[PDB]
Amino acid sequence: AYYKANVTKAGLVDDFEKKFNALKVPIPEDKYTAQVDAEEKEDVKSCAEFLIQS
Amino acid sequence: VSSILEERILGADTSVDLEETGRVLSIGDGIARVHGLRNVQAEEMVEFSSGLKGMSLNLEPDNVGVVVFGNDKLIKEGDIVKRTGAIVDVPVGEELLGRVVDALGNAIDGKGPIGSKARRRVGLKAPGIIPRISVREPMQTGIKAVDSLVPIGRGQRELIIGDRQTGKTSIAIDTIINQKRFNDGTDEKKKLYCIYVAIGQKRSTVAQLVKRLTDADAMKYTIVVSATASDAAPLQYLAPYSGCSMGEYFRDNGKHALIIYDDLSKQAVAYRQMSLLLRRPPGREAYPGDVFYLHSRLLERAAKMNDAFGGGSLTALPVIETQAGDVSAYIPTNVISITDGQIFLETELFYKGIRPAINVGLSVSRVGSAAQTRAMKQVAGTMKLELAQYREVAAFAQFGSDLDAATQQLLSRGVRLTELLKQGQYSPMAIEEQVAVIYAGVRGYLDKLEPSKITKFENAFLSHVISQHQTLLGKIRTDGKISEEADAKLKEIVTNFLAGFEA
Amino acid sequence: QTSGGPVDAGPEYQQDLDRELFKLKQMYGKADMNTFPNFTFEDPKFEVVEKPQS
Amino acid sequence: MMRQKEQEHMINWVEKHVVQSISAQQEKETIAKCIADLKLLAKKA
Ligand SMILES: Nc1ncnc2c1ncn2[C@@H]1O[C@H](COP(=O)(O)OP(=O)(O)O)[C@@H](O)[C@H]1O
Ligand SMILES: [Mg+2]
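About the thresholds
- Residues numbered from 1 in each chain as written, not as in the entry; some residues may be left out.
- Chains lettered and ligands numbered in written order.
- Part of a larger assembly, values for the part shown.
- Heavy atoms only, no water.
- Helix = DSSP H or I, 4+ residues; strand = E, 2+ residues; numbered from the N terminus.
- Contact = heavy atoms within 4.5 Å.
- Buried area = accessible area lost by both parts, 1.4 Å probe.
- Salt bridge = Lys/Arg side-chain N within 4 Å of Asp/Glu carboxyl O.
- Core = buried A, V, L, I, M, F, W, Y, C linked by side-chain atoms within 4.5 Å.
- Buried < 20%, exposed > 50% of the residue type's maximum accessible area, 1.4 Å probe, protein only.
- Pairing = 2+ DSSP bridges.
- Axes fitted to C-alpha atoms, helices over the stretch in contact; angles between N-to-C directions.
- Polar contact = N/O pair within 3.5 Å; in protein donor to acceptor, adjacent residues only side chain to side chain.
- Nonpolar A, V, L, I, M, F, W, Y, C, P; charged D, E, K, R; others polar.
- Parallel < 35°, antiparallel > 145°, perpendicular 65-115°, else oblique.
- Left-handed = near helix turned anticlockwise from the far one by under 90°.
- Near = heavy atom within 4 Å.
- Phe/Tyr/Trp six-rings, centres within 6.5 Å; stacked < 30°, edge-to-face > 60°.
- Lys NZ or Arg CZ within 6 Å of the ring centre and 35° of its normal.
- Patch = residues over 30% accessible without salt bridge, like charges linked within 9 Å, V, L, I, M, F, W, Y side chains within 5 Å.
- Areas by Shrake-Rupley, 256 points an atom, 1.4 Å probe, with all protein chains shown as cover.
- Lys, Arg positive; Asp, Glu negative; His and termini not counted.
- Charge placed at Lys NZ, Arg CZ, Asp CG, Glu CD.

A. A look at the overall build of chain D. The number of helices and strands found in chain D is two helices and zero strands. Reported as C-alpha extents along the three principal axes, the dimensions of chain D are approximately 50 × 25 × 10 Å.

B. Spatial organisation of the arrangement of the chains. Among the three pairs of chains that make contact, the interface with the largest number of contacts is formed by chains A and C. Kept free of each other, chain A and chain D leave a smallest C-alpha distance of 12 Å between them.

C. Spatial organisation of the interface of chain C and chain D. If you look at the interface, chain C gives 10 residues, while chain D gives six residues. Across the chain C/chain D interface, buried area totals approximately 790 Å², and carbon plus sulfur atoms make up 68% of it. The three residues of chain C that bury the most area against chain D are C:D8, C:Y13 and C:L17, which together make up 51% of that side's buried surface. Two residues, C:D16 and D:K5, come together in a salt bridge whose shortest N-O distance is 3.6 Å.

D. Representation of the nonpolar core. Residue and element names in this part refer to chain B. Among the nonpolar cores identified, the biggest contains 66 residues, and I176, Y196, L213, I260, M383, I438 and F461 are the most heavily contacted of them. Contacts of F461, omitting those with residues within four sequence positions, involve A436, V437, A440, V494 and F497. Membership of the second largest hydrophobic core comes to 57 residues, among which are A232, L235, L298 and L314.

E. Here's a closer look at the sheet that holds strand β12 (residues 158-162) of chain B. Residue and element names in this part refer to chain B. Read from one edge to the other, the open sheet built from six strands follows the order β14-β13-β15-β17-β12-β18, with strand pairing classed as parallel. In the strand order of this sheet, the two ends are held by β14 (222-227) and β18 (341-344), each with one partner. For this sheet, the mean angle separating the axes of adjacent strands, direction not counted, is 15°. Sheet topology note: the strand β13 (residues 193-199)/strand β15 (residues 257-262) ladder contains six bridges and is parallel. Note that in β15 the partner of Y193 across the bridge is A257.

F. Structural context of the interface of chain C and chain A. Across the contact, 13 residues belong to chain C and 13 residues belong to chain A. Both faces combined, the contact of chain C with chain A buries some 1100 Å², and carbon together with sulfur accounts for 63% of it. In this structure, the connection of chain C to chain A is made through two salt bridges. Residues A:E39 and C:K51 are paired through a salt bridge, measuring 2.4 Å at the closest nitrogen-oxygen approach. Summed over the shared surface of chain C and chain A, the number is two residue pairs in polar contact. For the side of chain C that touches chain A, the class distribution of residues is seven nonpolar, four polar and two charged.

G. Examining the packing of helix α14 (residues 431-442) of chain B against helix α15 (residues 454-468) of chain B more closely. Residue and element names in this part refer to chain B. Orientation of α14 relative to α15, taken along the N-to-C sense of each, is 130°, at an axis distance of 11 Å. Relative to α15, α14 is oriented oblique. Considering how the two elements wind past one another, α14 and α15 form a crossing that is right-handed. Seen from α14, the contacting residues are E433, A436, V437 and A440; seen from α15, they are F457, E458, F461 and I466. Classifying every residue of the contact of α14 with α15 gives six nonpolar, no polar and two charged.

H. Molecular detail of the site of ligand 1. All names here are of chain B. In the region of ligand 1, the neighbouring residues are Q165, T166, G167, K168, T169, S170, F350, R355, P356, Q423, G424 and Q425. Measuring from an oxygen atom of ligand 1, one finds a side-chain N or O atom of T169 at 2.6 Å. Interatomic distance of 2.6 Å between a backbone N/O atom of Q423 and a nitrogen atom of ligand 1. When residues of the shell around ligand 1 are assigned to their parent elements, the largest contribution, three residues, is made by helix α3 (residues 168-178). Residue composition of the shell around ligand 1, grouped by class: two nonpolar, eight polar and two charged.

I. Region of interest: the packing of aromatic side chains. All names here are of chain B. For the coordinates displayed, the defined rule picks out 15 aromatic pairs over all chains. In textbook terms, an aromatic cluster arises when at least three aromatic residues are bridged by ring pairs, as seen for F457, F461, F497 and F501. The positively charged end of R272 is found above the aromatic ring belonging to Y287, 4.4 Å away from the centroid. Sitting above the plane of the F350 ring, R355 keeps its charged end 4.5 Å from the centroid.

J. Structural detail: unusual backbone geometry. Residue and element names in this part refer to chain B. Residue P356 follows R355 across a cis peptide bond; omega there is -5°. Its location among the elements puts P356 in the loop between α10 (348-352) and α11 (374-379). One non-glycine residue, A324, lies in positive phi territory at about 55°. By the element assignment, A324 lies in the loop between β17 (314-321) and α9 (330-338). Residue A324 is classed as exposed on the basis of its relative accessible area, which comes to 77%. Despite not being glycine, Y426 shows a phi value in the positive range, around 65°. Within the secondary structure, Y426 sits in the loop between α13 (405-420) and α14. Classification of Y426 by relative accessible area gives partly exposed; the value is 24%.

K. Structural detail: the sheet that holds strand β1 (residues 23-27) of chain B. All names here are of chain B. The sheet built from six strands is open, its strands ordered β1-β2-β5-β4-β3-β6 with antiparallel pairing. Looking along the sheet, the strands with just one partner apiece sit at the ends: β1 and β6 (81-83). Sheet twist, expressed as the mean angle between neighbouring strand axes with direction ignored, is 40°. Pairing of strand β3 (residues 44-48) with strand β4 (residues 52-57), which is carried by five bridges, proceeds in the antiparallel orientation. The residue bridging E44 from the neighbouring strand is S56, located in β4.

L. Layout of a negative patch on the surface. Together, A:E29, A:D30, C:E42 and C:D43 give the surface a local cluster of negative charge. Considering the arrangement of structural elements, one finds A:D30 in the loop between α2 (12-21) and α3 (33-53). The class of A:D30 is partly exposed, set by a relative accessible area of 38%.

See the structure below:
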């Protein structure tokens, strides 16, 4: 409302309002948590055989 | 367009009226001997016909010395000089906040006109012994050195004296940038409206100053008042009285206000120019007599008001430079004599390595522990006494006079607290982190830890305490005193962090 | 009443407009007055820590 | 900046046109209003 009253350029304020308030971007992905958790499980298994040997 | 039309044709009254004038004799160098004004009152704003104000001083039976507010080309010999009818005055409001205002009231920053409401006379009389009450509130600056050795009181004046290029304006802007966290908070008693009167500086320094304050989001306490070098000598003369009148408006309404008088010696030298052009006899260093009376009015316009007079305070801190560190010059002796608090920078510690460069024992705050929080009072008195002991033992044992365990203890604790008091530019911290870090420095736990490693200790310690100890700092700053459970908890956290620091 | 453009302007009017507009072009870059871009999609890539044996 | 420089152009052309017209305007109602003003200040003085 404030930027529509200030900017007298017709079409531009509703254009930016539509292209900005309906703008969505996703979270940047990982593809590493699966590796970290699998390496966690592997070192836990090696730590468990170390456990039973101790 | 049409609104501009109607405001132009309705705003000016064009109400002509018979009015006292007088022709002009010698218009020398911004001074004008005016013949005729036989009913002008002393120190009055008067108006030259080209649209420019002047101030009538030095009323003599021949003529009146009006000293002009601006350029001198626009005045001839023989033109009229109309009496405005009142003493020179400054338009003050709370809509004047965050706007650079040229010394009278004229906001030269390109953001529209000032929405002022309360005009105020600028040469007012300061309050007496009954309307004043003593310093009570702890005016914090965010500087560890200031808030732990020379603390300021909301209700007080305290110099920033040094030599040129030492960090005095930077100390003033640390003091400004600290108080954002008290403005955006809850208590009105904490909130800050400050007035930075830049006297005689250059316009790009004020422009980059406004850049630093806008980038630090300072523009609701701040009121920047620039009387720069190209401005006339009465604009540089009259500018800190304008900032004082705005501070008096906030004070007498009951809001805690302050004024930083940056480069107050420029007011002294502009008033020297004015007196020597109005042909007053010169005194010492060609400064006239009443320069002390000038700064004495200007600096005794500030102390805490009575509880029946709103409760608003004023904090005057004027910045003054010496030349070659000569404290014995005329303007530094006068302005040390009027003020009580004074922060001394010698500069050899700036090139030696401590920042901000308070070289110290010359600096004193007469209100002392009354203007600290209870925690900082409980911690940092033994620090000041230890620094006194350290300075005198290093001064006589420069060469290794006698080194027992006590003298190496004194030099160890002194050097470690010296590297505690180092602090980067434009990074003020709150009072609770200062209590935490001077607790980690004075109460043991840092005495044998390799003095080059104190700065990384500072960084990792502040990261630790801001990481998982925010509610405990809330307990420290809201409870006032550092309680005994918080005392032993700070002991445990600094011990754990000493382990994690030797990890 | 003298509408239809700024009155009796002369060329230096538009020259001052062009210099002020040129400094204003300097204060953002070479973007467009409509249909704003969002970002360039970067990727945070933290390297996998490994160990031979614990 | 558009409205600023158009405002400056407008205000300077207004002042110049005022100089152009009123520099060549005499019809003695100026002097008549002025003697009426001296008469009004006489009645209130
Ligand atoms: N805490 C600090 N850390 C680092 N540098 C500082 C600090 N305080 C001041 N300075 C230095 O001080 C200089 C500014 O000095 P200034 O306050 O402008 O003195 P003056 O106003 O007398 O010229 C800057 O160059 C800055 O590097
Ligand atoms: Mg300075």
